[PDB]
Structures are given as C-alpha cells and as structure tokens.
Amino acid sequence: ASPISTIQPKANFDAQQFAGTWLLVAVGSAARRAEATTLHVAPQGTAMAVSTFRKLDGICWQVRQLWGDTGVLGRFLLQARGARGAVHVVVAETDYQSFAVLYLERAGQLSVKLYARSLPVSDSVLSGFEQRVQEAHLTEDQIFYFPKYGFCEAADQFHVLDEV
C-alpha cells in the first residue's frame, strides 16, 4: 500500500558503518528556507540515535531523535508526539564512506534525501540521486538544495529539542 514499502533497503545495512557525521545535500519532495544541516548518528542496539543540527540566523539548533528498527535492516520509524504523524525512513543506498540515499514517508507522501560525508558530492552520486528522484515520480523542480556553508554540530542547552 504505502509507497515506501516497495523501496528496497541497503542489503545487510550496518548501523556501525553508518555511524558518524552526515551532511544534508538535497531533498526531493512534492511537499511545500533550507538551513545548513548536519546529522550525528550513533547505533543504539537495532535502532539509531540521531541528532540533527541546523543553523538558523547564526544559532545552532539540535533535535535528538531515535530511529527505531521496524524489522528489516535499514528500515526505521520516527515517532510523532505533538507535531504531526509517523515518519518511515529507509536507507536505500549507501557506501557508508561518502554518500547515502534515504527515502522518507510522511502522510503517505514519499520523499528522497541525499546525504554526504563531505563536500563536494561526486558527479556520479549527484546524477544518481537525480535519477532516483525521477524514478520516484518527482521533478527536478521538486529538488531542494541545502546550504554548503554555515554548518554547525554543537548547540547549547537552550537550543536542544529532545524528542526521545
């Protein structure tokens, strides 16, 4: 039924190799200002503890979440408590060392995200991501590029949102 149910996850997805810092490069979504976004991923059993840091008007904001394991390796679930609804996530493609293509589903809508260990992203990966977006029935105009400058990865106690 759900569009993400048919998206194939990374074979034998290894959270240990996926751990660390990832930079958000772009998002393909029919939904809807992009802020420099960094993720800090840490394995927690079968789940992954994820802190997202976003730079807004010179201030770094952190959001702590727990990506729960939904059974199949590489498939995760983000809870909903006061915001909107459940978000399903699948790490579809990654080499762990340079890029990751993730798919997300919110309210039945499928989006695609590209993350990188460092900038710039290779031409092959950028083109590959574009190909995946097209295959997801989205247009190039629905691809939003995020900042390549102004990243942050540390927030003070007054700018931390714990959703766990």
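Residue positions are given as counts along the sequence shown, with the first one as 1.
With respect to the deposited sequence, is there a break between residue 32 and residue 33 in this entry, and if so is it 1 to 3, 4 to 9, or 10 or more residues, or none at all? According to the record, 4 to 9 deposited residues lack coordinates from residue 32 to residue 33.
Given 131-139 and 108-116, the range whose Cα B-factors average higher in the PDB entry: If you average the C-alpha B-factors of 131-139 and of 108-116, the larger mean comes out for 131-139.
Legend entry - Between the two ranges 118-126 and 95-103, the one averaging a larger CA B factor in the entry: Per the deposited B-factors, the answer is 118-126.
| request: Grab the CA temperature factor for residue 87 from the record and place it in the lowest, middle or highest third of its chain. | output: Answer is middle: the recorded C-alpha B-factor places it there.
Point to revise | Position of residue 46 among the chain's modelled residues by C-alpha B-factor, lowest, middle or highest third | key: As the PDB entry reports it, the C-alpha B-factor of residue 46 lands in the highest third of its chain.
Worksheet entry | Modelled-residue ranking by C-alpha temperature factor, third containing residue 154 | Its C-alpha B-factor, which the entry lists for residue 154, ranks in the highest third among residues of this chain.
Check where residue 73 lands among this chain's C-alpha B-factors and tell me if it's the lowest, middle or highest third.
Tercile = middle for this residue's CA B-factor.
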